[PDB]
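Encoded as structure tokens, the structure appears first; notes follow it.
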Amino acid sequence: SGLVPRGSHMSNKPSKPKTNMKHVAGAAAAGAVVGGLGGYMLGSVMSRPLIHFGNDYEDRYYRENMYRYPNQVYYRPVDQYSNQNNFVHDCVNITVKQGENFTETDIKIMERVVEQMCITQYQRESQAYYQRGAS
């Protein structure tokens, strides 16, 4: 024997509606680059004045090891209430924090080259600020 029972289909739904809207807008654009900081005050590569290590060995060492060192650095605005050594020593920790991978001794000379560079920017800034600054 064999009966012929009718099947039953259950109402199955996805229950997951997606966003829908008809509209178009926008323009084309390209050509942009970023270093990595984009937060601190970084101008443009400036001249790199010699450092005063105190000896002839160190001087020659750096002068010859300048190729393995950066040219620019990152510091904060001197327009803020804070001693110079504050931003000078702080800005130095940033530049070296961006990347070094140098030797154990290099890390030392790297702090001087950067530090001495920070002040060089302020000293020249104070001159222009002495006349006109900003609101």
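Every chain in the structure tokens takes a letter, A first, then B, and so on in the order presented; its residues are numbered from 1, and the ligands are numbered from 1 following the presented order.
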
If DSSP is run on the backbone, what residues of range 73-104 of chain A are helix (DSSP H, G or I)? A reply as a VMD selection string would be ideal.
chain A and resid 84 to 95

Tell me, as an MDAnalysis selection string, which residues lie within 12 Å of residue 69 in chain A, counting only C-alpha atoms; anything in the same chain fewer than 6 positions away does not count.
chainID A and resid 48 62:63 95:96 99:103 106:107 109:114

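Take the candidates A:134, A:128, A:94, A:10 and check each one against residue 39 in chain A using only C-alpha atoms; the shortest distance goes to A:94.
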
If you measure from CA of residue 61 in chain A to CA of residue 86 in chain A, what distance in Å do you get, rounded to one decimal?
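Those two atoms sit 28.0 Å apart.
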
Neighbour list for range 74-78 of chain A as a list in words, cut-off 8 Å, only C-alpha atoms, skip fewer than 6 positions in-chain:
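So, after excluding close chain neighbours, the residues are residues 40, 41, 42, 84, 87, 88, 90, 91, 92, 94, 95, 118 and 122 of chain A.
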